[PDB]
Amino acid sequence: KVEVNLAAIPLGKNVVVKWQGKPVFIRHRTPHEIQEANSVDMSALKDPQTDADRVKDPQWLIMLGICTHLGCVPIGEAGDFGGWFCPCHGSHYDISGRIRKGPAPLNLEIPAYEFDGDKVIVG
Amino acid sequence: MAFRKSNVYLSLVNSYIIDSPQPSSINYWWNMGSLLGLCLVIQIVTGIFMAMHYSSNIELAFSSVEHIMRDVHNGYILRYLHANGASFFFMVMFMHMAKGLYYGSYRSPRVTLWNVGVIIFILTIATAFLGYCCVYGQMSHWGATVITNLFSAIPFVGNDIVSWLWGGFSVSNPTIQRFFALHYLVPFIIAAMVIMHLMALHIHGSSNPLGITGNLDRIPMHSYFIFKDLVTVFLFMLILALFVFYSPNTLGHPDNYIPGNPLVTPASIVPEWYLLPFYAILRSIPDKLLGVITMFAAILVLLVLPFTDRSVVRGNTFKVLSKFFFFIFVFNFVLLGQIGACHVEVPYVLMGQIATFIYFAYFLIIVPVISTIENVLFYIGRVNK
Amino acid sequence: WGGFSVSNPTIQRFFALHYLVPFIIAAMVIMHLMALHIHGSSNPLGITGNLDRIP
Amino acid sequence: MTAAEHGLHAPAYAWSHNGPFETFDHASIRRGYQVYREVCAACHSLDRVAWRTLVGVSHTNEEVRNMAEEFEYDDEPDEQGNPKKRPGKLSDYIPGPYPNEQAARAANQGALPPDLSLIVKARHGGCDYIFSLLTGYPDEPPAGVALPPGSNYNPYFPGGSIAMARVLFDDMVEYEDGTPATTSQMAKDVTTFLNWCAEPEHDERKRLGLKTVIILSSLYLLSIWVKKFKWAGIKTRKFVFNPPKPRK
Amino acid sequence: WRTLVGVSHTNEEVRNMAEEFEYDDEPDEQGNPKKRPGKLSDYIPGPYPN
Amino acid sequence: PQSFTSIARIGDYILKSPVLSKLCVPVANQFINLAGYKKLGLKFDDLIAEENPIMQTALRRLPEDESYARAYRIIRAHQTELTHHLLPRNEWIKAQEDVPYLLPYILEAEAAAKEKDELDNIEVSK
Amino acid sequence: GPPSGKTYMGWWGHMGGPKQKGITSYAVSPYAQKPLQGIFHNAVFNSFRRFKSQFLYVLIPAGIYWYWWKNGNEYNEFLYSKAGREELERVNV
Amino acid sequence: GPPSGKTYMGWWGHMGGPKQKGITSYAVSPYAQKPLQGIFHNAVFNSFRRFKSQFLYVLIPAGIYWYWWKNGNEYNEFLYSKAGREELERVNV
Amino acid sequence: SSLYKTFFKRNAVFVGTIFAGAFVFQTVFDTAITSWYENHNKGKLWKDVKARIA
Ligand SMILES: CCCCCCCCCCC(=O)OC[C@H](COP(=O)(O)OC[C@H](O)COP(=O)(O)OC[C@@H](COC(=O)CC)OC(=O)CCC)OC(=O)CCCCCCCC
Ligand SMILES: CCCCCCCCCCCCCCCCCC(=O)OC[C@H](COP(=O)(O)OCCN)OC(=O)CCCCCCCCCCCCC
Ligand code: HEM
Ligand code: HEM
Ligand code: HEM
Ligand code: HEM
Ligand SMILES: COc1c(O)c(C)c(C/C=C(\C)CC/C=C(\C)CC/C=C(\C)CC/C=C(\C)CC/C=C(\C)CCC=C(C)C)c(O)c1OC
Ligand SMILES: CCCCCCCCCCCCCCC(=O)OCCCOP(=O)(O)OC[C@@H](O)COP(=O)(O)OCCCOC(C)=O
Ligand SMILES: Cc1cccc(-n2nnn(C)c2=O)c1COc1ccn(-c2ccc(Cl)cc2)n1
Ligand code: FES
């Protein structure tokens with residue numbers, strides 16, 4: 001388990017840390033895209049959740065990439081909405097991390113990060 | 001008596017390779033078991049001399065194989081003989097098993113001889129998997145990732161077996177260091193099962209291509225089958241030397257010359273040619289737990305074959321319909337290897353599902369049905385009622 | 001040595017030979033028990049034991 | 001998949017080391033190192049190759065000593081414990097242009113150029129793929145293709161979009177022996193030099209294979225003759241049956 | 001540092017002892033070196049560089 | 001190992017039916033000629049596998065002049081195969097010589113073994 | 001040592017077949033024969049006789065599995081070309 | 001299998017000794033006997049009888065080699081002390 | 001023929017003449033192949049390129 005602080009995150013990036021030997025994608029979430037993350041209808045997806053059950057974080061955004069296809073990886077935020085266009089089979093998706101554009105029906109495990117008193121522990 | 005018959009150690013040599021009574025009419029298909037003992041000696045000797053220069057750490061494994069190819073005197077000969085000698089070990093073993101299918105060698109009284117040979121086949125597949133991961137190329141990392149994640153689908157003990165098999169949270173430094181120590185050991189367990197294989201052969205002897213008794217006409221082993229063994233030994237070494245010296249990278253993948261990277265996925269993940277038919281059986285079941293059971297049941301279905309053969313005659317020499325369906329099973333095994341090297345696409349998904357059905361229906365449906373039909377055709381073609 | 005003194009090639013080849021020789025000892029133990037089987041054991045009196053045996 | 005996602009198939013050129021009795025052309029390995037030093041080495045490392053392996057293959061012992069002494073290497077520290085530097089010797093390896101891979105991506109717009117020590121064995125196609133890539137940049141992409149900014153079109157690359165621009169142009173290198181340095185001439189010389197970097201045993205392996213095949217094919221023909229001699233009594237054996245009288 | 005927790009000091013005490021030393025980090029995005037304070041998985045440092 | 005009692009039970013039902021005999025018997029005649037054991041000088045009862053106690057009983061009870069003739073046909077077939085030839089056409093087994101000489105000894109050894117099993121696993125009916 | 005279970009093979013002198021009577025055999029030394037007198041007629045006439053007896057049990061199953069692979073390979077090439085784009089969308093649902 | 005060379009041991013029934021005639025033996029079941037009735041007299045009287053019969057073959061060679069080591073150890077301690085310095089120079093030439 | 005009767009006179013060779021002729025075979029076989037291999041590749045070897053820069 002790695003331990004990072006609040007403002008010590010790499011904010012304007014998509015840093016692929018090898019935490020636990022696993023690729024993981026990290027993004028600073030500005031509070032302006034609560035209007036903009038969920039304008040996508042999740043009925044164009046195959047299974048919906050919410051933003052709430054997925055992202056329990058107001059201003060940070062983490063999801064890992066041990067993919068069930070074979071374990072692919074995307075390219076940083078170009079493409080369609082601010083999401084992540086992937087060069088393996090042509091997948092790209094929303095700013096939050098839920099796939100429908102391209103053949104990937106499921107979605108990934110979110111890491112069990114945890115907050116306790118000006119700390120967050122990815123693990 | 002002679003000294004070779006009275007000495008305790010020379011009597012075992014005399015009773016196996018000198019004075020052993022052999023059937024007179026066995027052909028060159030009975031020479032494959034002698035070639036398999038030569039293949040096992042080449043793999044053990046070339047591997048011990050390469051192990052004096054090898055480092056099994058995760059940041060030293062790929063560069064020590066490159067050190068063998070460049071700095072060790074005749075080190076490229078040691079590696080190419082070892083990498084191509086593993087493909088020749090599997091080609092002769094496929095021909096040895098198919099000889100027993102055609103001539104009815106699995107039948108009684110040789111059922112214990114057939115069951116020990118199935119154990120040898122499972123241990124050889126495991127050995128070639130463990131040594132391929134010790135190169136730590138790009139094909140070695142993602143082939144170990146696919147196979148070890150299959151055991152996470154077992155109920156209630158999935159996540160405990162896979163973490164104990166990794167030594168951590170992924171394929172890492174403890175995975176490669178324990179895969180090399182297990183790769184040194186399992187060839188010595190195969191050598192102990194080969195001795196138990198020859199002990200079961202000694203009490204009944206060999207069969208013959210006619211399927212009838214051989215106790216009426218025997219010749220000894222020395223100077224007939226010693227010099228008939230030499231013909232296929234020199235042909236084996238000549239074809240193997242043409243691959244080692246003139247085309248040493250035909251039976252491999254180019255992606256295994258890239259160092260392994262856990263953050264970059266290759267475009268295609270394909271095994272070696274001798275694991276391709278069992279890889280297409282695994283990808284044909286959409287469920288994840290049912291695919292692992294079906295891939296291991298493709299080897300264990302050879303054990304049901306003494307019970308589903310309902311014929312009173314041993315072998316396929318005088319059987320018309322059994323000869324036709326034997327070669328359907330053979331070319332279905334080649335199509336399963338070609339499907340396992342393609343992409344998951346239309347129409348290769350349906351073609352691999354029908355071919356997986358024909359693999360299992362041969363042992364369980366086709367063989368007991370046409371054995372019974374041939375028993376009745378032999379009867380009513382002679383009896384006049 | 002593999003070189004001019006006791007160095008890195010000396011230790012890497014000493015470990016590979018250390019893995020192998022215990023398996024050669026195990027094959028000589030089987031040949032040891034085969035020679036024992038044809039005559040049996042002796043006894044502390046030094047005389048024949050074919051008159052009184054137990055399994 | 002689509003043919004654009006596979007890449008175009010590379011044709012078969014007549015390399016002079018193709019064939020079971022052929023060696024490398026060592027005047028083309030020497031010409032190919034000069035195209036490496038003046039063109040390729042700005043962004044590519046050659047990390048598996050030592051300086052000493054070039055002596056007797058493409059340069060003399062006096063030439064390689066002067067090439068190695070133009071670079072600086074780390075020495076053992078001082079008596080006070082301070083670091084030091086030293087020129088190169090024959091047991092060193094050829095150095096690369098970047099200190100780490102973070103600095104390599106920063107100079108190439110995020111892309112990482114690979115190590116070229118094994119690039120011939122690590123691509124499907126071999127020498128024919130490397131030659132077709134360097135000479136296969138079109139002057140314009142075909143109509144309809146949308147390239148990202150910072151990418152170039154090459155039909156032999158899988159996907160058609162590569163992060164390397166066209167580098168080879170006519171008469172950018174002045175050869176020592178007087179060969180005209182066109183685009184196709186310089187692309188042929190690097191591919192011969194890079195095949196030697198991946199397989200430095202190639203000339204010796206094909207000579208030991210000539211001795212092994214002659215001996216093993218003579219032993220195969222002699223063993224067929226010996227087997228037919230020792231089996232001649234069994235193969236012409238004859239059997240007669242006279243049924244016994246029913247006394248019994 | 002982690003082997004001292006539960007033997008002679010608490011978890012809160014060893015975290016403050018490790019954070020008084022400086023360790024090498026992964027390099028920058030430009031490729032420049034960096035430094036960082038210590039954590040529990042580090043080893044106790046020595047006084048001399050060589 | 002089906003049974004020789006089960007083979008004769010199915011085969012006698014076919015030969016007594018008038019419409020099943022016209023359809024299955026010409027197929028059985030081409031099946032035997034394509035087998036090719038008569039070109040090696042063998043009968044069908046030489047081909048039965050013999051490493052079972054039922055077959056060892058039937059070979060003991062065979063008369064002595066037929067056991068001598070059977071041993072010669074097996075030895076002659078092993079020599080013909082290792083030379084990779086066939087016999088001359090005047091030494092092929094004809095259709096009226098391919099008789100089941102061993103079948104009546106097999107059927108009486110099997111009926112005695114079945115009767116011993118039904119008496120060793122019998123239930124009283126008080 | 002003790003004896004073990006019964007077998008179906010013996011050794012020289014007690015091999016375990018039926019009793020033989022009435023068969024006589026003849027042979028001639030290999031040193032008295034002319035060397036390699038089957039290099040011509042066995043290689044042409046006899047190997048042709050062994051080939052064509054067993055070639056329909058092998059080439060009829062081989063032609064079935066080669067026709068099947070060739071049509072599946074040609075249909076996959078049509079689906080990923082430009083002309084086969086609206087058939088690709090409906091066989092992927 | 002074939003037979004091998006002759007031995008001096010057999011198996012149960014044909015072990016290979018002389019013929020026996022005239023000897024009779026008697027035994028009693030272990031379930032009919034009182035447990036551990038040799039824990040006292042065997043441990044004191046009988047083990048003392050076995051000890052003192054064989055103790056002079058062991059302790060006379062043991063006392064020779066212990067007297068030899070003890071004088072060589074005490075002479076080496078004298079040679080490297082202060083009083084044994086002029087003897088050390090003449091036994092080292 | 002008769003030239004395999006002049007040297008041996010109805011016998012086998014012997015075990016020592018096999019080992020003696022095997023070492024004489026190795027030095028003549030190695031020299032004859034290295035001469036044919038370097039003549040087949042003349043002009044491409046390093047000893048031919050080294051002369052043309054001098
Ligand atoms: C991985 C590489 C391994 C290399 C070693 C393996 C080689 C063994 C190949 C498999 C095999 O055993 O098949 C043999 C089979 C013939 O068996 P048979 O006893 O009925 O024929 C005795 C012969 O007439 C007289 O044989 P004879 O003793 O007179 O001459 C010896 C012959 C050499 O033969 C061999 O070494 C085995 C091929 O010399 C010549 O051919 C002269 C020309 C130079 O052949 C056939 O039935 C069909 C032929 C093709 C089968 C290949 C299938 C592989 C997929
Ligand atoms: C886990 C399960 C593993 C199972 C592995 C299955 C794949 C095995 C691959 C090898 C298959 C080769 C078959 C070997 C079986 C040998 C027995 C046999 O078939 O007998 C030879 C056959 C009939 O022999 P007869 O005794 O009747 O007379 C011969 C007179 N010429 O006479 C013949 O017809 C000649 C035989 C020629 C066979 C050629 C077909 C095989 C081609 C394989 C190609 C594979 C690479 C693409
Ligand atoms: C039944 C015997 C064996 C089989 C089938 C086998 C198989 C293999 C295979 C397929 C590889 C990968 C080759 C490559 O692609 O480079 C390999 C690698 C290797 N094997 Fe074996 N092996 C056997 C016995 C042994 C033994 C007994 C040892 C050591 C004492 C050994 C040592 C090695 C080593 C060091 C490698 C490292 C990679 C390399 O050098 O190619 N092998 N083995
Ligand atoms: C890998 C090491 C193996 C060795 C060294 C070996 C060795 C041998 C040898 C020397 C023979 C007798 C000669 C012959 O019939 O060719 C034989 C026969 C046999 N083997 Fe193997 N074998 C191996 C693997 C296998 C496998 C994988 C199987 C089956 C799944 C098998 C099953 C049999 C059978 C059934 C026979 C008897 C065939 C007959 O008598 O007609 N063996 N083996
Ligand atoms: C790993 C090494 C060895 C093993 C497993 C082993 C095992 C055995 C066993 C089980 C016996 C059976 C009877 C008994 O326990 O006395 C025996 C007897 C014997 N062993 Fe060993 N032994 C080993 C080493 C040796 C050595 C180093 C020697 C002599 C230099 C030796 C010489 C003998 C002799 C002479 C006997 C017969 C003694 C008698 O019957 O009175 N063995 N051994
Ligand atoms: C004659 C000169 C050169 C040769 C032979 C050469 C060779 C190669 C090769 C073989 C590749 C890999 C292609 C593949 O993976 O399929 C490559 C990629 C690359 N090269 Fe070069 N190179 C040369 C010069 C240069 C130069 C001058 C640059 C300057 C920026 C450069 C930058 C790159 C980059 C960024 C890549 C990665 C492309 C990608 O992954 O999309 N190369 N080069
Ligand atoms: C039916 O007819 C047959 C029949 O035809 C045959 C051939 C056989 C013969 C059997 C075989 C050919 C199979 C036997 C093969 C094995 C048992 C394989 C075992 C392999 C080994 C024991 C390999 C051991 C190798 C080493 C220990 C390597 C040593 C390397 C060293 C010491 C390197 C260090 C060197 C230095 C200088 C430090 C039969 O038994 C038989 O049945 C009657
Ligand atoms: C005039 C003569 C000239 C002839 C020259 C011809 C020489 C040709 C040699 C090469 C030909 C084949 C090469 C293979 C070879 O040599 O193999 C060596 C012996 C074969 O194995 P084996 O030891 O006989 O069997 C070995 C196994 O079958 C026997 O099992 P085991 O465990 O040993 O049983 C006893 C168990 C004891 O166990 C215990 C607990 O004590
Ligand atoms: C998936 C993939 C990709 C690349 C390489 C390799 N691989 N691994 N080793 N070699 C030589 C390779 O080609 C693989 C493994 O492919 C298979 C197929 C079935 N098994 C298998 C079955 C039973 C057991 Cl016990 C162990 C393994 N493995
Ligand atoms: S990664 Fe699942 S479709 Fe691209």
# chains A, B, ... in the order shown; residues from 1 in each chain; ligands from 1
>>> interface_residues(of="chain A", to="chain B", cutoff="9 Å", atoms="only C-alpha atoms", output="PDB file with C-alpha atoms, in the first residue's frame")
ATOM      1  CA  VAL A  16       0.473   4.895 -14.611  1.00  0.00           C
ATOM      2  CA  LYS A  18       3.009   0.138 -10.957  1.00  0.00           C
ATOM      3  CA  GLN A  20       1.327  -3.829  -6.552  1.00  0.00           C
ATOM      4  CA  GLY A  21       2.694  -4.629 -10.010  1.00  0.00           C
ATOM      5  CA  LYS A  22      -0.544  -3.289 -11.466  1.00  0.00           C
ATOM      6  CA  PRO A  23      -1.151  -0.388 -13.869  1.00  0.00           C
ATOM      7  CA  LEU A  70      -5.807  -9.040 -21.874  1.00  0.00           C
ATOM      8  CA  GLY A  71      -4.614  -6.088 -19.775  1.00  0.00           C
ATOM      9  CA  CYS A  72      -4.490  -3.152 -22.198  1.00  0.00           C
ATOM     10  CA  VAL A  73      -3.516   0.463 -21.512  1.00  0.00           C
ATOM     11  CA  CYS A  88      -5.156  -1.774 -28.733  1.00  0.00           C
TER      12      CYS A  88
END
>>> select_by_dssp(residues="chain H", states="alpha helix (DSSP H)", output="VMD selection string")
chain H and resid 41 47 to 51 56 to 79 85 to 88
>>> write_last_selection(atoms="N, CA and C atoms", output="compact mmCIF listing (two decimals), in the first residue's frame")
# COMPACT_ATOMS: atom_id res chain seq x y z
N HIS H 41 15.61 -54.85 36.99
CA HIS H 41 16.75 -55.73 37.19
C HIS H 41 17.65 -55.76 35.96
N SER H 47 23.00 -54.59 32.82
CA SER H 47 23.79 -53.60 32.09
C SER H 47 25.15 -53.39 32.75
N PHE H 48 25.24 -53.65 34.05
CA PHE H 48 26.54 -53.62 34.72
C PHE H 48 27.38 -54.82 34.31
N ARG H 49 26.73 -55.94 34.02
CA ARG H 49 27.47 -57.13 33.59
C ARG H 49 28.00 -56.97 32.18
N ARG H 50 27.29 -56.22 31.33
CA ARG H 50 27.75 -56.01 29.97
C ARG H 50 28.80 -54.91 29.90
N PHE H 51 28.75 -53.97 30.85
CA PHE H 51 29.67 -52.84 30.83
C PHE H 51 31.09 -53.27 31.19
N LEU H 56 37.82 -52.57 29.38
CA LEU H 56 39.27 -52.46 29.28
C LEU H 56 39.78 -52.43 27.85
N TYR H 57 38.97 -52.87 26.88
CA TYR H 57 39.36 -52.74 25.48
C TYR H 57 39.17 -51.33 24.97
N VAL H 58 38.41 -50.50 25.69
CA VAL H 58 38.13 -49.14 25.26
C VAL H 58 38.92 -48.11 26.06
N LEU H 59 39.10 -48.30 27.37
CA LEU H 59 39.68 -47.27 28.22
C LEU H 59 41.20 -47.32 28.31
N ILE H 60 41.83 -48.42 27.92
CA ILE H 60 43.29 -48.44 27.83
C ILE H 60 43.76 -47.75 26.53
N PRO H 61 43.14 -47.95 25.35
CA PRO H 61 43.48 -47.06 24.23
C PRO H 61 43.06 -45.61 24.44
N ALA H 62 42.01 -45.34 25.21
CA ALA H 62 41.58 -43.97 25.42
C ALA H 62 42.51 -43.22 26.35
N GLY H 63 43.12 -43.91 27.32
CA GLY H 63 44.06 -43.27 28.21
C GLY H 63 45.42 -43.03 27.62
N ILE H 64 45.79 -43.80 26.59
CA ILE H 64 47.05 -43.58 25.90
C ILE H 64 46.98 -42.31 25.06
N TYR H 65 45.88 -42.13 24.33
CA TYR H 65 45.76 -40.99 23.44
C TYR H 65 45.38 -39.71 24.18
N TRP H 66 44.93 -39.82 25.42
CA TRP H 66 44.65 -38.61 26.19
C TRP H 66 45.87 -38.13 26.95
N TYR H 67 46.75 -39.05 27.34
CA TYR H 67 48.01 -38.67 27.96
C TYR H 67 48.94 -38.02 26.94
N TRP H 68 48.87 -38.48 25.69
CA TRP H 68 49.74 -37.96 24.64
C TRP H 68 49.34 -36.54 24.26
N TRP H 69 48.04 -36.27 24.19
CA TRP H 69 47.56 -34.95 23.82
C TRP H 69 47.80 -33.94 24.94
N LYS H 70 47.77 -34.40 26.19
CA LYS H 70 47.88 -33.48 27.32
C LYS H 70 49.31 -33.00 27.53
N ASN H 71 50.30 -33.83 27.20
CA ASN H 71 51.69 -33.39 27.32
C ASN H 71 52.11 -32.53 26.14
N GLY H 72 51.54 -32.78 24.96
CA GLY H 72 51.85 -31.93 23.82
C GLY H 72 51.21 -30.57 23.93
N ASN H 73 50.08 -30.49 24.63
CA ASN H 73 49.40 -29.21 24.83
C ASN H 73 50.10 -28.37 25.89
N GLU H 74 50.69 -29.03 26.88
CA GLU H 74 51.37 -28.31 27.96
C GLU H 74 52.77 -27.87 27.55
N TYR H 75 53.37 -28.55 26.58
CA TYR H 75 54.69 -28.17 26.10
C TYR H 75 54.62 -27.02 25.11
N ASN H 76 53.52 -26.93 24.36
CA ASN H 76 53.32 -25.81 23.46
C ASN H 76 53.01 -24.53 24.23
N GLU H 77 52.37 -24.66 25.39
CA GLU H 77 52.10 -23.50 26.23
C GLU H 77 53.37 -22.97 26.88
N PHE H 78 54.34 -23.84 27.14
CA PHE H 78 55.61 -23.41 27.70
C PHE H 78 56.48 -22.71 26.67
N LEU H 79 56.40 -23.13 25.40
CA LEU H 79 57.28 -22.60 24.37
C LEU H 79 56.94 -21.17 24.00
N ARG H 85 61.57 -18.91 25.93
CA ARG H 85 61.93 -18.17 24.73
C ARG H 85 63.23 -18.64 24.09
N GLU H 86 64.22 -19.08 24.87
CA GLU H 86 65.43 -19.63 24.27
C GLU H 86 65.30 -21.09 23.88
N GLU H 87 64.26 -21.78 24.33
CA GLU H 87 64.03 -23.10 23.77
C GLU H 87 63.27 -23.00 22.45
N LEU H 88 62.49 -21.94 22.27
CA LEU H 88 61.73 -21.76 21.03
C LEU H 88 62.63 -21.46 19.85
>>> residues_near_ligand(ligand="ligand 9", cutoff="8 Å", atoms="only C-alpha atoms and all ligand atoms", output="mmCIF file with N, CA and C atoms, in the first residue's frame")
data_model
loop_
_atom_site.group_PDB
_atom_site.id
_atom_site.type_symbol
_atom_site.label_atom_id
_atom_site.label_comp_id
_atom_site.auth_asym_id
_atom_site.auth_seq_id
_atom_site.Cartn_x
_atom_site.Cartn_y
_atom_site.Cartn_z
ATOM 1 N N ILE B 122 1.834 -35.297 -18.798
ATOM 2 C CA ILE B 122 1.428 -34.120 -18.033
ATOM 3 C C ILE B 122 2.649 -33.425 -17.441
ATOM 4 N N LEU B 123 3.635 -34.208 -17.000
ATOM 5 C CA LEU B 123 4.834 -33.635 -16.402
ATOM 6 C C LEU B 123 5.739 -32.988 -17.441
ATOM 7 N N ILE B 125 4.530 -31.316 -20.189
ATOM 8 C CA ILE B 125 3.886 -30.043 -20.504
ATOM 9 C C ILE B 125 4.212 -29.009 -19.433
ATOM 10 N N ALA B 126 4.269 -29.446 -18.175
ATOM 11 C CA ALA B 126 4.582 -28.537 -17.080
ATOM 12 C C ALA B 126 6.039 -28.097 -17.112
ATOM 13 N N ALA B 128 7.998 -27.711 -19.847
ATOM 14 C CA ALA B 128 8.255 -26.770 -20.931
ATOM 15 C C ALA B 128 7.643 -25.405 -20.647
ATOM 16 N N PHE B 129 6.604 -25.359 -19.812
ATOM 17 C CA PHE B 129 6.024 -24.083 -19.410
ATOM 18 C C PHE B 129 6.948 -23.342 -18.453
ATOM 19 N N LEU B 130 7.577 -24.069 -17.529
ATOM 20 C CA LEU B 130 8.393 -23.434 -16.501
ATOM 21 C C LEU B 130 9.698 -22.901 -17.072
ATOM 22 N N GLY B 131 10.242 -23.571 -18.087
ATOM 23 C CA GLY B 131 11.494 -23.122 -18.664
ATOM 24 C C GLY B 131 11.310 -21.980 -19.636
ATOM 25 N N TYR B 132 10.128 -21.886 -20.239
ATOM 26 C CA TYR B 132 9.836 -20.787 -21.148
ATOM 27 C C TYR B 132 9.687 -19.469 -20.404
ATOM 28 N N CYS B 133 9.218 -19.511 -19.160
ATOM 29 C CA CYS B 133 9.101 -18.309 -18.348
ATOM 30 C C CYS B 133 10.439 -17.830 -17.802
ATOM 31 N N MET B 139 6.896 -12.518 -24.505
ATOM 32 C CA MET B 139 5.974 -13.647 -24.551
ATOM 33 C C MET B 139 5.987 -14.454 -23.261
ATOM 34 N N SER B 140 7.068 -14.374 -22.489
ATOM 35 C CA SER B 140 7.172 -15.156 -21.264
ATOM 36 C C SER B 140 6.355 -14.534 -20.143
ATOM 37 N N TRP B 142 3.565 -12.510 -20.428
ATOM 38 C CA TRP B 142 2.127 -12.514 -20.653
ATOM 39 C C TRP B 142 1.575 -13.922 -20.808
ATOM 40 N N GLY B 143 2.432 -14.904 -21.077
ATOM 41 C CA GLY B 143 1.992 -16.283 -21.047
ATOM 42 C C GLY B 143 1.881 -16.835 -19.642
ATOM 43 N N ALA B 144 2.713 -16.342 -18.725
ATOM 44 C CA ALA B 144 2.595 -16.737 -17.326
ATOM 45 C C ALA B 144 1.445 -16.013 -16.646
ATOM 46 N N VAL B 146 -1.486 -15.241 -18.125
ATOM 47 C CA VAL B 146 -2.742 -15.828 -18.575
ATOM 48 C C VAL B 146 -3.008 -17.149 -17.860
ATOM 49 N N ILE B 147 -1.972 -17.965 -17.682
ATOM 50 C CA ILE B 147 -2.146 -19.300 -17.122
ATOM 51 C C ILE B 147 -2.384 -19.240 -15.616
ATOM 52 N N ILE B 269 -1.027 -12.742 -28.445
ATOM 53 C CA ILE B 269 -0.444 -13.619 -27.437
ATOM 54 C C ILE B 269 -0.704 -15.051 -27.882
ATOM 55 N N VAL B 270 0.336 -15.728 -28.360
ATOM 56 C CA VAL B 270 0.198 -17.081 -28.895
ATOM 57 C C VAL B 270 1.263 -17.995 -28.301
ATOM 58 N N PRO B 271 0.927 -19.229 -27.953
ATOM 59 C CA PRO B 271 1.922 -20.172 -27.434
ATOM 60 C C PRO B 271 2.795 -20.756 -28.542
ATOM 61 N N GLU B 272 3.662 -21.684 -28.146
ATOM 62 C CA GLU B 272 4.398 -22.502 -29.097
ATOM 63 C C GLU B 272 3.451 -23.468 -29.797
ATOM 64 N N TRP B 273 3.946 -24.095 -30.870
ATOM 65 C CA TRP B 273 3.071 -24.859 -31.757
ATOM 66 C C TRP B 273 2.511 -26.108 -31.085
ATOM 67 N N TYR B 274 3.223 -26.672 -30.115
ATOM 68 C CA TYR B 274 2.779 -27.905 -29.488
ATOM 69 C C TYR B 274 1.786 -27.681 -28.357
ATOM 70 N N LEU B 275 1.527 -26.434 -27.973
ATOM 71 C CA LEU B 275 0.498 -26.122 -26.994
ATOM 72 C C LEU B 275 -0.719 -25.455 -27.615
ATOM 73 N N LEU B 276 -0.690 -25.178 -28.911
ATOM 74 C CA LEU B 276 -1.782 -24.551 -29.652
ATOM 75 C C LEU B 276 -3.099 -25.335 -29.720
ATOM 76 N N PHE B 278 -4.385 -27.294 -27.363
ATOM 77 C CA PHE B 278 -4.984 -27.203 -26.041
ATOM 78 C C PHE B 278 -5.340 -25.776 -25.662
ATOM 79 N N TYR B 279 -4.782 -24.791 -26.360
ATOM 80 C CA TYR B 279 -5.151 -23.399 -26.151
ATOM 81 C C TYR B 279 -6.454 -23.048 -26.854
ATOM 82 N N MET B 295 -9.930 -27.945 -20.326
ATOM 83 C CA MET B 295 -8.575 -28.045 -20.858
ATOM 84 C C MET B 295 -7.785 -29.158 -20.182
ATOM 85 N N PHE B 296 -8.041 -29.416 -18.901
ATOM 86 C CA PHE B 296 -7.374 -30.520 -18.223
ATOM 87 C C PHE B 296 -8.067 -31.850 -18.483
#
>>> atom_distance(atom1="atom 6 (C, counted along the ligand's line) of ligand 4", atom2="atom CA of residue B:100")
11.7 Å
>>> residues_around(residues="stretch 57-69 of chain F", least_positions_apart="4", cutoff="7 Å", atoms="only C-alpha atoms", output="ChimeraX atom specification")
/F:53,73,105-106,109 /G:20-21
>>> residues_around(residues="residue C:2", least_positions_apart="6", cutoff="12 Å", atoms="only C-alpha atoms", output="JSON, numbers by chain")
{"B": [52, 53, 72, 73], "C": [8, 9, 10, 11, 12, 13, 14]}
